[PDB]
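Chains B and A supply the protein sequences, listed in that same order. Read in order, the letters of the first sequence are residues 12 to 186, 189 to 316 in PDB author numbering. Going by PDB author numbering, the second sequence opens with residue 13, and the numbers climb by one from there. Here the structure is laid out as structure tokens; the discussion comes afterwards.
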Amino acid sequence: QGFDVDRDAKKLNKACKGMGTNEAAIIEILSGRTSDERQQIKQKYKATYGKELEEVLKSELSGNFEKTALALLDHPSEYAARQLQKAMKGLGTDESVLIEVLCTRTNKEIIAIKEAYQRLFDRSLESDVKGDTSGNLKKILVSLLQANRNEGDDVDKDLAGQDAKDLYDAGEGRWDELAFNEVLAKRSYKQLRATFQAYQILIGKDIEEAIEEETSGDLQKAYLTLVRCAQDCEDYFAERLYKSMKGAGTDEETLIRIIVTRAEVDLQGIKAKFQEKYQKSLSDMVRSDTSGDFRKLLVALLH
Amino acid sequence: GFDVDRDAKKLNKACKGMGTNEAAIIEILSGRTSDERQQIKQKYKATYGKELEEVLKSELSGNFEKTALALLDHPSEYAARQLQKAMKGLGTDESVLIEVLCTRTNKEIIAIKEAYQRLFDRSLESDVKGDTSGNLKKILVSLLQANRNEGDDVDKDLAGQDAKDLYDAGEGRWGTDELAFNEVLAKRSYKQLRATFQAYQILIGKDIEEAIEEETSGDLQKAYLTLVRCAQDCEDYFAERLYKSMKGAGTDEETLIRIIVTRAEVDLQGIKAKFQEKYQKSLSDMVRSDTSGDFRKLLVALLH
């Protein structure tokens, strides 16, 4: 009945500036509330308005802005379970996500992940791990799933000395992998730090050199991850955040998983170690390697 | 302090606002012709000082953004983008390259070559020669010449003679003469090729597609069958490609967008009709069951 170019270009402007206002409100709520507060909001939303909040966002958000929003609406253990289930695509496939989660979680966190996995997918996380890995990698990951790591406060100096000697002899092929599995999975992080410094004194190498020389493949990555996590877990995640950005493609899945799951664990320590390690802030590199509403949400999560 | 009722109320306000704002964007991107929204894109830049495509990239995401930006490009430019994205190695896959080059007229092949030069400072013919191989390279370059006969006359003597040539080029015990198939399927008219196919059926007893499936292989076969099917019934070709791109939980949504967008003002209404007859269900219904979110609303709106 009459093409009005000025009318159409006007309500497009009104709609676009409305998108930015609403997304700003969504970003404000998701990045300004704790996980428990977000759970209270999500429950109150469905009671008052009769719809599941996660469902409403699925129908109006897209891309990595939607993935981050739904990740923040899950419990940290639930999103970790969704990440593990998504990454297990058969034997021989990439295992980095399974190594990252299991080698950096406490006993209570691993138990919460195993509970979430069983509830979300009607199967045990251990069964899928046994069917997706093999060799000594299966042993160590299934071992970590037992969630029985020593988590006391005390250090046994004589035990740290004996473990260091046993780890060196296992690299020489005495009584080659069962010793690394037992020490790295069951000793406390504080006990392992004493074990590593004793290994440096006795042998002359740091334990990471010995691992790089005596192991390879995904098993080496798991041992190095357990060592890095016990010495400085914030430095580990800072490097994983950095390496996931170098490139125009950018593994944004790793970016979301680390920022969301570690938010109320050690995200502030990760940001400090990141600045000290790369002379740039983690937030500054998000702006350099992301864009759109997804960048705006991550920057808000980094404060 | 922390007010749960306030934040949930603020969220419901922001959620209803995004539904309203997206409805306004969908109603315009699907309610205006390509020329009409080309004026809106330039009018938006003059009135508000920001390019519309850049404003949408910062607020839209996913395949909703991909469709929105596809509707704001000329169908020649978006076809050139699809070629540049799918071109990434000597082997790889050539589905997008075969689909576009074997279904466009001379006027449309030129506009893609022009847009590809303007967008990427590169020759589309040059990039094809580096990505393709074998006789698939020779036929796709031959289509890029945009010199196919587009007359209305049909030479019945030539249709019968080309039919004999296409049979002799596949019955040679030395090797299938692929240079002869590249000649007929690329330079004869669509209406001329139909007569060539009818003559081949009468002379040989096999359909021309049955002869291709047992005398060529790989992507060269896919290029031939695409040329035959678009010359025979191009609305039925895109009807199948739309159907098979959705049969599955994965759903190739890139192909779904590329077809609906590049063929919107060409023969999309003919594609929708052939889809209904071919599968007993409308394209709008199958899209409604194999997509979700604001991406589904924008597709349903594009199908009217």
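Each residue gets a CB set at the ideal place from its N, CA and C atoms; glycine is no exception.
- At a C-beta separation below 7 Å, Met99(B) has no neighbours in chain A, since its nearest C-beta there lies roughly 17 Å away.
- Taking CB atoms only, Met258(A) has no neighbour in chain B less than 8 Å away.
- The CB of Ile40(A) comes closer than 8 Å to the CB of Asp19, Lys22, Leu23 in chain B, given here in chain order.
- Rounded to whole angstroms, the Cβ separation of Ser145(A) and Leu310(A) is 37 Å, and the two are not in contact under 8 Å.
- Against chain B, a Cβ distance below 9 Å from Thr303(A) picks out nothing, because the smallest value is about 11 Å.
- Excluding residues up to 5 positions away in sequence, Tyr90, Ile269, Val273 lie with their Cβ nearer than 7 Å to the Cβ of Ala82(B) in the same chain.
- Annotated three-state conformation of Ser145(B) is coil, per DSSP.
- Counting along the chain, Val273(B) sits inside the alpha helix (DSSP H) bounded by residues 265 to 274.
- At a cut-off of 8 Å between beta carbons, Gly31(A) contacts chain B.
- Distances from the CA of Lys199(B) to each of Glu289(B), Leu152(B), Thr263(B), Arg300(B) were compared; the closest alpha carbon is that of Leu152(B).
- Of all residues in the stretch 58 to 91 of chain B, those with a C-beta nearer than 8 Å to a C-beta of chain A are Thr59, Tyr60, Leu64, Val67, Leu68, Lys69, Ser70, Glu71, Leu72, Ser73, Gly74, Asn75, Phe76, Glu77, reading in chain order.
- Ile124(A) has a beta carbon lying at 8 Å or more from every beta carbon in chain B.
- Per the C-alpha coordinates, the member of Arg308(B), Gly101(B), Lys100(B), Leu95(B) positioned closest to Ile121(B) is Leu95(B).
- Chain-order list of chain A residues neighbouring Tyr56(B): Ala20, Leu23, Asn24, by C-beta distance under 8 Å.
- With fewer than 16 other Cβ atoms inside 10 Å of its own Cβ, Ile214(A) counts as exposed.
- Within the stretch 193 to 248 of chain B, the alpha helix (DSSP H) runs of at least 4 residues that lie entirely inside it are, in chain order, 202 to 216, 220 to 227.
- Distance from the CA atom of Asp297(A) to the CA atom of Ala313(A), rounded to whole angstroms, is 12 Å.
- For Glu34(A), the C-beta contacts it makes with chain B under 7 Å involve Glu71, in order along the chain.
- When rounded, the separation of the alpha-carbon atoms in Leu68(B) and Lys25(A) is 13 Å.
- In the DSSP assignment, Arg134(A) falls outside any alpha helix (DSSP H) and carries neither an H nor an E.
- Counting only residues of its own chain and dropping the five nearest sequence neighbours on each side, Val240(B) has a CB closer than 8 Å to the CB of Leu197, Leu205, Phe209, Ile220, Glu221, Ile224.
- Collapsing the DSSP output to three states places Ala158(A) in coil.
- Ranking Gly103(B), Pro87(B), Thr115(B), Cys114(B) by CA distance to the CA of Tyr128(B) puts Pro87(B) first.
- Counting only residues of its own chain and dropping the five nearest sequence neighbours on each side, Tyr212(A) has a CB closer than 6 Å to the CB of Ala175, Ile220.
- In the structure shown, the three-state DSSP call for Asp164(B) is coil.
- The alpha-carbon of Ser229(B) is positioned some 25 Å away from that of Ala207(B).
- For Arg93(A), no Cβ of chain B is located within less than 8 Å of the residue's own Cβ.
- Close partners of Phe307(B) in chain A (Cβ separation under 9 Å): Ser73.
- Put simply, the stretch 245 to 258 of chain B touches the stretch 273 to 293 of chain B. At least three CB pairs are less than 8 Å apart.
- The three-state secondary structure of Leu72(A), taken from DSSP, is coil.
- Annotation: the continuous alpha helix (DSSP H) that includes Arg308(B) extends over 305 to 315.
- Rounded to whole angstroms, the separation of the alpha carbons of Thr115(A) and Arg160(A) is 12 Å.
- Under a 10 Å Cβ-count criterion, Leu191(B) is classified as exposed, with fewer than 16 other Cβ atoms of the shown protein chains found around its own Cβ.
- For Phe287(B), the enclosing alpha helix (DSSP H) starts and ends at 280 to 291.
- Using a CB distance cut-off of 8 Å, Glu221(A) does not count as an interface residue toward chain B.
- Less than 8 Å separates the beta-carbon of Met30(A) from that of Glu71(B).
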